[PDB]
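Enquirer: First, the structure itself, so that you have it in front of you.
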Amino acid sequence: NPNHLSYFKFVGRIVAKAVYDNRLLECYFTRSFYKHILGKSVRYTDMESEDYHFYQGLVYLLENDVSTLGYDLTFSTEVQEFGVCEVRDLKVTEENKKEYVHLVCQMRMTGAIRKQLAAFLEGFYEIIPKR
């Protein structure tokens with residue numbers, strides 16, 4: 001949809017209007033999307049429902065030595081956004097992975113939806129103050 005961001009801003013407005021009216025909608029958003037609407041980081045356990053095989057990749061990165069990979073990785077990942085696939089930087093070591101798993105999960109959740117999300121948040125915060 002070429003106007004889709006505007007419709008995402010409309011649905012963010014309608015959600016914030018339902019909240020303002022104190023009326024219940026049958027929305028059941030992900031914990032990731034609720035955190036984004038709250039400005040909270042996601043956690044790797046959220047990946048289990050959205051992309052189990054990437055969660056499993058992160059779990060193979062956790063509690064395992066980088067030496068188990070047998071090849072190197074860096075802070076860059078392939079992301080499909082708007083049907084275009086691009087390799088995007090996130091900014092590897094035993095110190096960096098703590099951020100890789102946080103940051104890579106940020107990229108995987110928001111990167112492909114970041115503009116829809118910004119439109120939704122503009123619709124929401126227009127009517128309901130973020131704080």
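Enquirer: Per DSSP H run of n ≥ 4, the term is -39500 (n - 2.57); total these for the chain, divide by its residue number, and report the mean residue ellipticity at 222 nm rounded to 500 deg cm²/dmol.
Expert: It lands at -15500 deg cm²/dmol.
Enquirer: Give the calculated FRET efficiency between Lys130 and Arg23 to the nearest 0.05, with a Förster radius of 25 Å applied to their Cβ-Cβ distance.
Expert: 0.75
Enquirer: Pop a pseudo-label 7 angstrom from the Cα along the beta-carbon direction at both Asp51 and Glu99 and give the gap in nm to one decimal.
Expert: Result for the modelled spin labels: 2.0 nm.
Enquirer: List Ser6, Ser41 from most exposed to least, where exposure is judged by having the fewest other Cβ atoms within 10 Å.
Expert: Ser6, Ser41
Enquirer: In a Debye calculation with equal point scatterers on the alpha-carbon sites of the range 1-89 and no solvent, what is log10 I(q)/I(0) at q = 0.18 Å⁻¹?
Expert: -1.07
Enquirer: Take the Cα gyration tensor of the range 36-131, multiply each eigenvalue by 5, square-root it, and list the three semi-axes largest first, rounded to whole angstrom.
Expert: Each semi-axis is the square root of five times an eigenvalue, giving 28, 15, 12 Å.
Enquirer: Another question, if that's okay. Using amide H atoms built 1.01 Å from N in the peptide plane, name the residues 5+ places from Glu81, or on other chains, whose amide H lies under 5 Å from its own.
Expert: When sequence neighbours closer than 5 places are left aside, the close amide H contacts are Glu86.
Enquirer: Quick check on packing: order 96-109, 117-130, 47-60 by the mean number of other C-beta atoms within 10 Å, highest mean leading.
Expert: Going from most to least packed, we get 96-109, 117-130, 47-60.
Enquirer: Between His4 and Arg88, what is the label-to-label distance in nm when each label sits 7 Å out along the Cα-to-Cβ direction?
Expert: With each label placed 7 Å out from Cα toward Cβ, I get 1.4 nm.
Enquirer: Right, another one. Using θ = phi - 60° and the Karplus curve 6.51 cos²θ - 1.76 cosθ + 1.60, what whole-Hz ³J(HN,Hα) does each residue of the range 14-24 get, with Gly and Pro shown as x?
Expert: 6, 5, 5, 6, 4, 5, 5, 6, 6, 10, 8
Throughout, read-outs are computed from the coordinates displayed, never taken from laboratory work. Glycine also receives a Cβ, built like all others from the backbone with ideal geometry; neighbour counts cover every protein chain displayed.
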